[PDB]
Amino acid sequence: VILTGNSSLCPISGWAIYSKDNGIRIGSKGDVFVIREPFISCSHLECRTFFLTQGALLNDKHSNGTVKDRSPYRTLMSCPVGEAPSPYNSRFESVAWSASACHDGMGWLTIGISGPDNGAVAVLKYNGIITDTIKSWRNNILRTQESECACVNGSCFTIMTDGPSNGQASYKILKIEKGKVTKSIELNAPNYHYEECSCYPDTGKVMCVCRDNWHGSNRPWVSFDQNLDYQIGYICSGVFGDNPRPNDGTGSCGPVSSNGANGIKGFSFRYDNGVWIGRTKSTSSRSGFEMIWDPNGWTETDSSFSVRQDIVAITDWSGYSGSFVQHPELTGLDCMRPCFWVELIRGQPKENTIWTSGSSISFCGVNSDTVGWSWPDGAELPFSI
């Protein structure tokens, strides 16, 4: 089976809860990795949670300093969806402080970036065997999606960035076939900033919705065909998607400068000229989560929208979010099912612990009845250590 990736997104009305791992609550007692940057990806047979460990467990002195993003100890590992990530249930994937993974219908591609900030190297594996490497081309923190790559017709596609986090950087699309890079192109995107892209397949092409850490509080997007012919823009809705951001107002199809510096990984799904936006509830901190349906928000700049569905209350911590899909080959449906996950970050810098970790929740789009609620992390901090 190679996944064809030729179907369009399923029609949906809302989001049904799919998983909740309670990883941090469980890790108070059990042997659970300190992690961050979790994401879900599926094959034609099953779904897995990928994550970047800190090479350490919760409620242990080695969790000290784990707010830090990059180290030689961080590893990409995976476990079944909805299970707490433990050394006893997790598969080792790669040594990595930035990662992506996806399944083409025949095997798992994993991409794990490690090494020094001035010369990092991405190691590509297919079926767990090294198949390629990509070295930093700007010598400034080579980095990738922290969510699943997108597979169409036997090729998989990702985005990598190298360069400043606070100014113009360099962005490339990669086409990968059985773990080997077969094509790449650099985005000609002066005045754009792309990080941590959430990319999905749709009708034989790929759409990515990303993070502008330089000067945009709306999200940049890039779409492309299998030949890497691409288009770029920003989501136009005045329902701004990044964190931090301004209050909702008049949007732009270029970067919205107000509160544009810094950011958070996120995602959106385009339906025609409309968009499903996942975002924090706070404009200033990584708190709460909600899904908003804006029926003209892909291309129009008003702040009007039609549906809001609560996911995490504003009084609870949230974190990264990302898209994942379930292909027809897995579901038996005739359309591409859209899903998403949310990372619930606990500890530093917002809480007075020695450590930082995240738990996860996930949802899938359905055309049937759903409900808003809050499904927060629920851990009681600090722990014994």
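The first residue of the shown sequence is 1; numbering continues from there.
Engineer: Between 318-326 and 344-352, which has the larger average Cα B-factor in the PDB entry?
Structural biologist: Mean B over CA atoms: larger for 344-352.
Engineer: Taking the mean of the C-alpha B-factors per stretch from the entry, tell me the winner out of 246-254 and 82-90.
Structural biologist: Looking at the recorded C-alpha B-factors, 246-254 comes out higher on average.
Engineer: Looking at the C-alpha B-factor values in the deposited entry, which of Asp212, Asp162, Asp272, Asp132 comes out highest?
Structural biologist: Most elevated C-alpha B-factor of the set, per the entry: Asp272.
Engineer: If you compare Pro220, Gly107, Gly263, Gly115, which has the highest Cα B-factor in the entry?
Structural biologist: Checking the PDB record, the top C-alpha B-factor among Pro220, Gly107, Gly263, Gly115 is at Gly107.
Engineer: Could you say whether, by C-alpha temperature factor, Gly278 belongs to the lowest, middle or highest third of its chain?
Structural biologist: Ranked within chain, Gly278 CA B lands in the lowest tercile.
Engineer: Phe305's Cα B-factor: lowest, middle or highest third of the chain?
Structural biologist: Highest third, going by the recorded CA B-factors of the chain.
Engineer: Can you tell me whether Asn22 has a C-alpha B-factor in the lowest, middle or highest third compared with the other modelled residues of the same chain?
Structural biologist: CA B-factor rank for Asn22: lowest third.
Engineer: Please place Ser198 in the lowest, middle or highest third of its chain according to the CA B-factor in the PDB entry.
Structural biologist: Tercile = lowest for this residue's CA B-factor.
Engineer: Taking only the Cα B-factors deposited for this chain, tell me whether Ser362 sits in the lowest, middle or highest third.
Structural biologist: For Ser362, the deposited C-alpha B-factor lands in the lowest third.
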